[PDB]
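Quick notes on the structure that follows.
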Amino acid sequence: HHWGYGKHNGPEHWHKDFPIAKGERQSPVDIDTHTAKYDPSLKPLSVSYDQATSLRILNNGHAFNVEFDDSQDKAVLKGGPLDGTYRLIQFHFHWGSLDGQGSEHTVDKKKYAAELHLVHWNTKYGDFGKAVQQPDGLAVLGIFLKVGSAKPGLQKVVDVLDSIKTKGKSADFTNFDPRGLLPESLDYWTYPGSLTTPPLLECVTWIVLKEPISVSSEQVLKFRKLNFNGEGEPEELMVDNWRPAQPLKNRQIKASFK
Ligand SMILES: NS(=O)(=O)c1ccc(C(=O)NCc2ccc(C(=O)c3ccccc3)cc2)cc1
Ligand SMILES: [Zn+2]
């Protein structure tokens with residue numbers, strides 16, 4: 001009985017195996033744009049993915065991860081609310097069964113069709129495992145997806161999904177440039193939060209971009225053809241793999257713009 005997104009193992013059940021699910025710094029959250037405040041202390045955000053080295057794509061039973069070689073200082077995120085350098089380790093998405101839902105963070109309660117998470121770990125901690133035990137160990141850059149025009153840079157990911165349809169399947173995925181998934185503007189909101197899936201660790205500095213990228217209906221439809229199940233098991237489409245907004249509690253969301 002593993003955690004998941006169904007009626008009997010979904011978000012409302014996670015707290016039993018992962019008590020921190022009812023913690024003081026859980027993610028995602030609804031971003032109330034009128035309550036968020038411009039923060040002059042934020043430094044310019046720097047996304048440097050020019051030397052990014054992708055290696056593989058994997059269906060892990062809850063989403064698919066495009067993994068990167070993070071043994072060297074390549075794709076890094078710095079600046080903004082961050083102190084130091086954070087290295088890109090993987091990206092994945094959360095999406096819905098319908099275009100009207102799918103994102104984890106919401107903006108004035110608005111839900112987008114999907115949300116991309118580019119996961120980075122603080123290099124002061126040596127590696128990802130050590131980083132996820134620190135309060136400033138990770139930085140996740142979140143980007144909303146809306147359905148409209150296709151995103152050319154996403155097509156390479158879409159086309160390989162046929163080969164990793166079920167849980168446990170992986171496929172070589174080299175030379176993918178994540179710069180092709182970024183919107184024009186880097187305006188963002190930021191707040192201290194957590195991993196949005198078990199173990200739900202509270203080690204993340206969230207940076208959520210205000211401008212969503214557009215993807216076509218055809219592209220998101222292919223995301224929805226993936227399976228939560230393993231090969232040869234009853235088919236459960238991989239849709240609605242998002243956690244709903246959690247209590248903001250004692251936190252303030254800061255904006256990088258006025
Ligand atoms: N959706 S999100 O961007 O917030 C998000 C990002 C990344 C992971 C993730 O990496 N989960 C897998 C994982 C693997 C190992 C450890 C780990 O080393 C550890 C586990 C429990 C306690 C201490 C460390 C933690 C998470 C989960 C969610
Ligand atoms: Zn995620």
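One-based numbering along the sequence shown. Computation of the quantities below employed the complete heavy-atom set of this structure, encompassing side-chain atoms and omitting hydrogens, waters and symmetry-equivalent molecules. One-based numbering, in listed order, for ligands and for the atoms of each.
Per residue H117, closest N, O or S atom to the Zn ion (ligand 2): atom name ND1. Looking at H92 and the Zn ion (ligand 2) together, the shortest N, O or S contact belongs to NE2.
Inside a 4.0 Å radius of atom 4 (O) of ligand 1 there is at least one protein heavy atom.
For the pair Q133 and ligand 1, the shortest N or O to N or O distance does not fall below 3.5 Å. Residue-to-ligand polar distances place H92 within reach of ligand 1: an N/O pair is separated by less than 3.5 Å. Residue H117 places at least one N or O, backbone or side chain, under 3.5 Å from an N or O of ligand 1.
When every heavy atom of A139 is checked against every heavy atom of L77, the shortest pair comes out as CB-CD2, 4.2 Å.
Residue-ligand proximity, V132 to ligand 1, at heavy-atom distances under 4.0 Å covers atoms 17 (C), 18 (O), 19 (C), 24 (C). Taking every heavy atom of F128 and a limit of under 4.0 angstrom, the matching atoms of ligand 1 come to 10 (O). Annotation for ligand 1: atoms under 4.0 Å from non-hydrogen atoms of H94 are 1 (N). Of all atoms in ligand 1, numbered sequentially from 1 with element shown, those under 4.0 Å from a heavy atom of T197 are 27 (C), 28 (C).
Residue-level proximity to ligand 1 for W206 is carried by the side chain, the only part with a heavy atom below 4.0 angstrom. In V119, the part holding a heavy atom less than 4.0 Å from any atom of ligand 1 is the side chain.
In the model, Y86 has no side-chain atom that pairs as donor or acceptor with a side-chain atom of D136 under 3.5 Å. In this model, a donor atom of one side chain and an acceptor atom of the other lie less than 3.5 Å apart for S97 and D240.
Ion pairing between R243 and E104 fails under the 4.0 Å rule for side-chain N and carboxylate O. For the pair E236 and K167, the salt-bridge criterion is not met [side-chain N within less than 4.0 Å of a carboxylate O]. We find that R224 and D99 are joined by a salt bridge, their nearest charged nitrogen and carboxylate oxygen being less than 4.0 Å apart.
Using a 4.0 Å heavy-atom cutoff, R243 is absent from the residues neighbouring ligand 1.
At the top of the distance list for atom 21 (C) of ligand 1, counting protein heavy atoms only, stands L201 CD1, 4.0 Å. For atom 11 (N) of ligand 1, the closest heavy atom belonging to the protein is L195 CD1, 4.5 Å. When hydrogens are left out, the protein atom nearest atom 1 (N) of ligand 1 is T196 OG1, 2.8 Å; that is the closest non-hydrogen contact.
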Derivation of the ring pair (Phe, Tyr, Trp, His ring centres under 6.0 Å) call for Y49 and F91: CA-CA 13 Å; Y49 294 163; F91 70 75; 9.0 Å; no

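By the 30° and 60° cut-offs, the orientation of the rings of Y5 relative to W14 is perpendicular. Taking the six-membered ring where the residue is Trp, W95 and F64 present tilted rings, their angle falling between 30° and 60°.
Checked against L116 for a side-chain contact (heavy atoms from CB on, under 4.5 Å), the options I143, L209, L141 give a single hit: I143.
For atom 26 (C) of ligand 1, the nearest non-hydrogen atom from the set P199, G129, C203 belongs to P199.
Two rings, from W189 and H105, have their centers 6.0 Å or more apart.
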